[PDB]
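Each chain, written out:
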Amino acid sequence: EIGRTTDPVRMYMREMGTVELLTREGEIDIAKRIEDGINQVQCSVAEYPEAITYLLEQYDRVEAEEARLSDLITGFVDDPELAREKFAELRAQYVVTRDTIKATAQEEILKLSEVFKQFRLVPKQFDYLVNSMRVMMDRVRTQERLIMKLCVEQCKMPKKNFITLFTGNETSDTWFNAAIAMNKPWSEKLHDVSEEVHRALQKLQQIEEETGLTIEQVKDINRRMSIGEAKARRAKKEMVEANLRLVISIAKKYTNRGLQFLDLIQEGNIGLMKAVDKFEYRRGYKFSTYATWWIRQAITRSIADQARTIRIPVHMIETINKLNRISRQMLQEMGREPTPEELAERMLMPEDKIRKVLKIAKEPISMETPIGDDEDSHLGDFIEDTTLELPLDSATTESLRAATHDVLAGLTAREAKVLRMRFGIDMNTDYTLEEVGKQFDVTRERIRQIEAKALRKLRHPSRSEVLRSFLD
Amino acid sequence: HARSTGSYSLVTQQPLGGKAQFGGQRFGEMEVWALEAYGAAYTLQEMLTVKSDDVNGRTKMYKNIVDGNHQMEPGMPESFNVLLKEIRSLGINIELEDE
Amino acid sequence: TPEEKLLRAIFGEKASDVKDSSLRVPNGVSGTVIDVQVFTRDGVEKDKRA
Amino acid sequence: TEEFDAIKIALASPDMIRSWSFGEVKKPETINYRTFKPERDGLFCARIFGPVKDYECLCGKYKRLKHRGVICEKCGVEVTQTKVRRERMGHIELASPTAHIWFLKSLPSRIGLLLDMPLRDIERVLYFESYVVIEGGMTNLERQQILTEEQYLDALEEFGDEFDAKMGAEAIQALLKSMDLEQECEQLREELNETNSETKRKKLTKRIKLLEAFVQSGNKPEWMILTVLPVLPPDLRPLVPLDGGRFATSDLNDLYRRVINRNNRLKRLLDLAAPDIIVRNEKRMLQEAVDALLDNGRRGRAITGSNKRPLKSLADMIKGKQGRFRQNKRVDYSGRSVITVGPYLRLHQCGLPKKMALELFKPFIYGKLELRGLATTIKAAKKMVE
Amino acid sequence: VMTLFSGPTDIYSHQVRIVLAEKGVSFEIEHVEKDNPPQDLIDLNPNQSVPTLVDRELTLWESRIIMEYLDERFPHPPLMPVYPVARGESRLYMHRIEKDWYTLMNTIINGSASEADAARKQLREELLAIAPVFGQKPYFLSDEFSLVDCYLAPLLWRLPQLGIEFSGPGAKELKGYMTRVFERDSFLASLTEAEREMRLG
Amino acid sequence: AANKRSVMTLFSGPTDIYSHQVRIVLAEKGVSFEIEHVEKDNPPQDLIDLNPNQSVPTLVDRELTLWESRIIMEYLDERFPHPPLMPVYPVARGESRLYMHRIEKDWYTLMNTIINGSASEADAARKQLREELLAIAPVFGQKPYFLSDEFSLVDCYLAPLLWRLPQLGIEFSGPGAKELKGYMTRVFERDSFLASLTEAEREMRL
Ligand SMILES: [Zn+2]
């Protein structure tokens, strides 16, 4: 079936259309899967009692301006208008729910979070909460990964046995005494390194206090949340592989704009991947009549970004394209052709911006375009370069050092040094007069004089006879 | 036409004519075999190092000439240094030993 | 340059604000100037000769 | 430079291609379109390939002759000659490996006969169409079985560990990286003797002669799979402005923009976590753009945009124009004219017009007019010959 | 490509780090074992003495040479005077402290406990002698941090590890200095984990 | 006092090369300096009191004494600039401060060791010294000076340590000494050297 096909567009279609189009009621079926998906996540942050900790400082600073009314709420579910009441409605259960374990010790802490379900969050900081408990894994994971090596490859203890008592808990003294008790050489050897195995898991002891709960609940807090995202990862992918046939239908209108065909339909994917990200089905509008906007949005933003060599901004391509949509409409009515001023009347530009917008859009001629007659010659053989200098222009500056080293040598000694130090003659950077005056040690307005009358002497004739010859 | 010194091309620094001074002649591949047939090997060296392609070995050969000191310091042509940058820009690595 | 920057101060040769790039006849040619035409962008004044 | 000899050539390791370059080129844009100074971190940078005007930074804070070595703090240009913009190099950092189209598609596939793999199978792996195993261990699979999409998937349900299948250009970097040229060298020194076949023991000595090159030379095998593509210097692919507004770009700034753009997107899809139908289509699309740079034409012939002729890649610049790129040299001090007869000359002399000889022997004539004192300085001799 | 063969603890290697992290130089450091980097850095350094700089073409040791390089090449912010009168002052003041005090701390680490008391208190009276002078400027004879304090900030950071301290006099005008300089991000992002635990900061 | 004039104040060493290194750069810039060939047993009074480190040489210009010749011969090359003695480029200026450090720590201690060393060390030093000084022999063909075609301070670190050649019992030998010896003909008789050389150090030249 691989009939020696090469180009990817053959390979894209051959791999893409294996999947099948989704019916309309199927799409609502999939979105209802994602809709349960994130709910498994955010409702798995209420289980995290530090859920309001990152935000309680926000509302303890929202009024006091360390947070804005937008990035945390957008209108509660099922502004001083709502923020001053709903979060204020949380100030009751806030500490009273943590009061029990200051038994119902987990009902109250759950009772605060159990009502948290009607608290609306914003895409800004939702990531950070997933970024918060995530790194706590690696803070507990690699430590636990060392518990094997610290107990197996150092004590000779097996790994698959001691984990039964200590994994999940991560704080007790399970192998502290249970592993040691078995009368083995590794167990008796456990008392040898019993501190580092006890101290390495100390910073995680902060972690359970870092969220105030045990390491067990911390496990289900971070682990049960993972299923929620992975519940949606396979969910969103099902819609990108299904409507993937759509982008090829929308992205063929732009086939010639300097961008390859296959660089186009890859730009729509990053578009469509955002549409299903922000898709909402309850408004009833089918996925196509909403995904068509976010898709064509991208391919017209990509073309203005990577279609030109000398890139022109995105706000200008709206003005260039307006000049052809309007210089084409005046082409039929007027019949003859459009003038550089009638666009100023038809449009509303200042009669010169239309003269600057015309000196832009032209692309660069390729430096290998074969010139006339198609001889063995290209355009790149005829463009001389101007950075270099005429070797008669370099043969003079080399010659000029003769005179200024000879003519200026025909002066007196002390009056020629400052003449050479006052310019950059044969030296480093030039200098200031009283900047020089601290060299001859007679600091005064004499230094403006010694050079002054000396430069007159070179100005006289027969001392400038060779020097004058460089003028024109 | 006739040319003693003029423009120089852009990527490779050999001569051409865009400044009312056309390029020099074409000392093509067929005409180097007629300078190796004779033993002529000082004419051949300056005919492709100083007179054409070297960058600072020819600005000296113009200042030696104006002073009556016919003598050259060849250097390495600028059309070979582009052939190392054009090979290294592949995976290939190219260098020169030292001795 | 530094050396020439002394050459100016010695004679006071005023450096010009404008560089000369006029059109001069190509070398090795001679003949009367039988005709002259001038094209101007519509929006810039015509000089006397124009 | 000293009296060198023995130009030496060999493969280039990603730790060396990272050593020529002076910085990472991480955007596709070239110049500014309003003031034509080049942008920062783009292709035509100034912090990477040096400055533009001789002896001065880009912003305009360092022009004096006092500051001649310092690097500017605003825009980190090093204030030196603009000639150095002609011999520096950048480098792009590929987001995924990719095969070197020379060492993969040259007729004896140097990736092929180093692995003993039919070239029609390597190509079936570089397009992500068929898995390939690595380190099978104790199972019913060799080291280089080609599991199709099902056979692996019909194999993966049984085993989860002790087994690793890859796919794509990042697989051949796995096969090469673990293969050892000493074990299969001497172990093939015996296998050649047992084989009795005028064809078998004739090509068999061909492979064992290649393995014997990848050891004494000093080149590991996995350097034929690129990981940092180096970029030319910005004065050997100029963007000179023509007279009248148009620019005349070389045909490489059309190809480099096509790798840095596709490579820049593939950096994004691994942060946005797209499905493996797209990102697996990205690497397959990048790898066709790195191989349109090295030697364009051994593929679909990615013809130029805004025009209908094929672009001109790097390996189409050394490749014969009937001869070399260097010297196999247009020449100064020349001329030409229509020959005639002149039968009054001796055997050893030819005519030469006054109008020509006064133009070839110009630098000599300048010698006399300043030696005999007839001209005071050389500028005053240029106006006596005119 | 600008690498540095930094020491993990030695005040010299902590010297250059303040200059680098001050100027904003993009650099990558390669650590030495204790005060010995590999035997592999003898080819680019026949002395085998750290620190040593390698910027793409160049090799430099004896940080006196290194630090003035980075100051002379990376211009702003500047760490020296402007006119030749005062540069001799700073260039000479730093020759004092690198001659009297630094080798004085030799026998405090590499000298027996007998001579450790010798360097300890005889140095301390010097420590508070210039202490009232901090009522002239913020820094050691400057209204803005410069090269001259570059030998003190990594010097003061070694106090509690050696065993000398401020107690009453010598702490009023002095301790205001370290609380003013130890907060700059340059000295902040210069602190390595090995040199940090010497003190509570 | 010492700083009480608009001129310098220098308490030089009549035989100590620390002075004679400073002398060349001192006079090569064309300034009027006071010479005082003084001893460690009896230097001048002002050299003792205003010099709280008490070294030789010692320069004093209206603000304070300066010593540690690299500091001295730097203060003059940074304040009295014409002619120049050090390059412009901070790359070539770095190593130009680097060769000097590779002479005060490489070819100085061979002078002190020969001043206070045993009979074989005076040969061992002369062995390591004389032959290796021929090891850098081919350098002078490419450059009329120590890898810097203009006269610069890195050359001044050599000549005073090349003017005490036989003074501690040294003589060159081998193939290609004409290159280095002919080089000494190009530097040992300059105005900055000829007018600066002290007659006390000259007499060893016969
Ligand atoms: Zn700048």
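Residues numbered from 1 in each chain as written, not as in the entry; some residues may be left out. Chains lettered and ligands numbered in written order. Part of a larger assembly, values for the part shown. Heavy atoms only, no water. Residues with missing side-chain atoms left out of burial classes, pairs and counts.

Novice: Just checking my understanding: could you explain the overall build of chain D for this structure?
Specialist: The helix and strand inventory of chain D stands at 15 helices and 9 strands. Since a compact globule built from 386 residues should have a radius of gyration of about 21 Å, the 30 Å found for chain D marks it as more spread out than a globular shape. With the C-alpha coordinates aligned to their principal axes, the bounding extent of chain D is approximately 100 × 60 × 45 Å. (Helix = DSSP H or I, 4+ residues; strand = E, 2+ residues; numbered from the N terminus. Rg over C-alpha atoms; globule rule 2.2 N^0.38 Å.)

Novice: Is there a simple way to explain the coordination of the zinc ion in this structure?
Specialist: Geometrically, a metal with four donors at the corners of a regular tetrahedron has ideal angles of 109.5 degrees, and one with six donors at the corners of a regular octahedron has ideal angles of 90 or 180 degrees. Residues and elements named next belong to chain D. On the protein side, the zinc ion has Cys-57 (SG), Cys-59 (SG), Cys-72 (SG) and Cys-75 (SG) as donor atoms, found 2.4 Å from it. In the primary structure, the donors to the zinc ion are separated according to the pattern C-x1-C-x12-C-x2-C. Highlighted residues: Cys-57 in the loop between α1 (14-20) and β2 (90-99) and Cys-72 in the loop between α1 and β2, separated in sequence by 15 residues. Of the residues examined, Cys-57 reaches a relative accessible area of 6% and is grouped as buried. On the accessibility criterion, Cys-72 (3% relative accessible area) is buried. (Donors = N, O, S within 2.8 Å, 3.2 Å for Na, K, Ca; no water. Buried < 20%, exposed > 50% of the residue type's maximum accessible area, 1.4 Å probe, protein only.)

Novice: Hey, could you run me through the UniProt feature "binding site: Mg(2+)" (unreviewed entry) in chain A in this one?
Specialist: Residues and elements named next belong to chain A. The feature "binding site: Mg(2+)" (unreviewed entry), as given by UniProt, occupies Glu-465 and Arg-468 in the numbering adopted here. Within the secondary structure, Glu-465 is located in the segment after α23 (447-459). Looking at the element boundaries, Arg-468 is found in the segment after α23. (UniProt positions renumbered as here; feature names shortened; annotations may be inferred.)

Novice: What should I look at first to understand the environment of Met-61 of chain B in this one?
Specialist: With respect to the helices and strands, the residue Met-61 of chain B is situated in helix α3 (residues 61-65). Setting aside residues up to four positions removed in sequence, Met-61 of chain B forms contacts with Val-50, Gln-71 and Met-72 of chain B. (Contact = heavy atoms within 4.5 Å.)

Novice: Would you mind showing me how to read the domain arrangement of chain A here?
Specialist: Much of the literature gives interface size as the accessible area that the parts lose upon coming together. Parsing chain A into structural domains produces domain 1 (6-65 + 79-306), domain 2 (307-387) and domain 3 (388-469). Between the C-alpha centres of domain 2 of chain A and domain 3 of chain A there is a distance of 53 Å. (Domains from an automatic or database assignment.)

Novice: Any chance you could explain a nonpolar patch on the surface here in plain terms?
Specialist: Residues and elements named next belong to chain C. Taken together, the side chains of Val-33, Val-36 and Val-38 make up a nonpolar region of the molecular surface, amounting to roughly 290 Å² of accessible area. Along the chain, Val-33 turns up in the segment after α1 (2-11). Residue classification places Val-33 among the exposed positions, given a relative accessible area of 69%. (Patch = residues over 30% accessible without salt bridge, like charges linked within 9 Å, V, L, I, M, F, W, Y side chains within 5 Å. Areas by Shrake-Rupley, 256 points an atom, 1.4 Å probe, with all protein chains shown as cover. Salt bridge = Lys/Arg side-chain N within 4 Å of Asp/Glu carboxyl O.)

Novice: Mind showing me how you'd approach empty space enclosed by the protein here?
Specialist: Think of a ball as big as a water molecule: rolled over the atoms, this probe shows where empty space is left. The space that makes up the largest cavity amounts to roughly 390 Å³. Along its surface, the largest cavity is lined by 25 residues, and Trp-101, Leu-127, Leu-152, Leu-155 and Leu-156 of chain E are the ones closest to its centre. Secondary-structure elements contributing two or more residues to the lining of the largest cavity are α3 (84-97), α6 (113-129), α7 (153-156), α8 (159-162) and α9 (172-181) of chain E. Counting residues per element, the lining of the largest cavity draws most heavily on α3 of chain E, at 4 residues. In the lining of the largest cavity, the residues fall into 21 nonpolar, no polar and 4 charged. Here the second largest cavity is characterised by a volume of approximately 200 Å³. Elements with a contribution of two residues or more to the lining of the second largest cavity: α2 (64-73) of chain E together with α3 (72-79) and α4 (90-104) of chain F. Among the elements that take part in the lining of the second largest cavity, α4 of chain F stands out by supplying 4 residues, more than any other. Broken down by class, the residue content of the lining of the second largest cavity amounts to 6 nonpolar, 1 polar and 8 charged. (1 Å grid on protein atoms, 1.4 Å probe; cavity = no way out; pocket = protein on both sides within 12 Å on 5 of 7 lines; lining within 4 Å. Points joined across faces, edges and corners; volume = space filled by probe spheres on them. Nonpolar A, V, L, I, M, F, W, Y, C, P; charged D, E, K, R; others polar.)

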